[PDB]
C-alpha cells in the first residue's frame, strides 16, 4: 500500500495510511488544490507559480516558494494544514467578494474536513446539528494509496475544468482572502498562525450555484472540495 508514481513523491508522501502522513498529505493537498484554483482562475499571475508534476500523467502549477508574495500564501495554507493533525480544522476556504471585508461572497472554493478516531474507520462527530459535509465523507472508506492519488488527480482536473469551461469571468474589481472555521474539539487557546480570530465567516446569496470538485480519503482523514459561485454556466 504505497504510491509508486515517480512524480508523486516530489510533492506528496508515498504512504498515507498512518495518521501523521495522512495529515501531512492533507496539508499538501490543500497547497496544490488552492494553487490550481489561484492560477486557473487567474487570481494570481503565472510568475507566482512553479510548474510541477502531480503524477506521470498530470502537471499542475503550484505556489512558488521562491517568491515572497506566493510564499506567504503557501505558508498560511500550510499552517492550516498542520491543524489537521489534532483535528482542529473544520473548513478552509478562499473567499472572493466585491469589497474587502464583505460577509457575503461572490465566489467560494471550500475544503471541509472530517476526522477519524484511532484506526481510521470510525468518524468523529462534527456538528454546529450534523455538519452538512459529515455524512458523505463519513460513509467513505480508505481504499488504498492509489485511490488517494486518483482522488487528487480528479480534484486538479476538476479545478481546471471549472475555470476553463464553467465559470464566467470574474469582475474587474474584487477582494480575495482565506477564511477558516475550527472544530468543536479545538481549544479556545489554539489558533492557526496567520489567521486572526473572528466571530464571522462567510455567507452565500440564496440563488448560489455549486459544483463538487472532489473528495479526499487518506488513512485517517477525509475532506470535500466544492465550488460556490454566482458566475456559473
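Numbering follows the first chain given and starts at 1.
Coordinates are absent for 1 to 3 residues of the deposited sequence placed between residue 128 and residue 129.
As the entry records it, the average C-alpha temperature factor is higher for 134-142, out of 152-160 and 134-142.
Higher mean CA B-factor, judged across 224-232 and 3-11 from the recorded values: 3-11. The top Cα temperature factor in the record, among 27, 70, 184, 198, falls on 184. Across the residues 77, 89, 121, 111, the deposited record lists the maximum Cα B factor for 121. Per the PDB record, residue ranking by Cα B-factor puts residue 117 in the highest third of the chain.
In this PDB entry, the Cα temperature factor of residue 35 sits in the bottom third of its chain's modelled residues, the lowest group.
Looking at the C-alpha B-factors along this chain, the one for residue 105 belongs to the lowest third. Ranked against the other modelled residues of its chain, the C-alpha B-factor of residue 44 as given in the entry falls in the middle third. Among the modelled residues of the chain, residue 22 sits in the middle third by CA temperature factor in this PDB entry.
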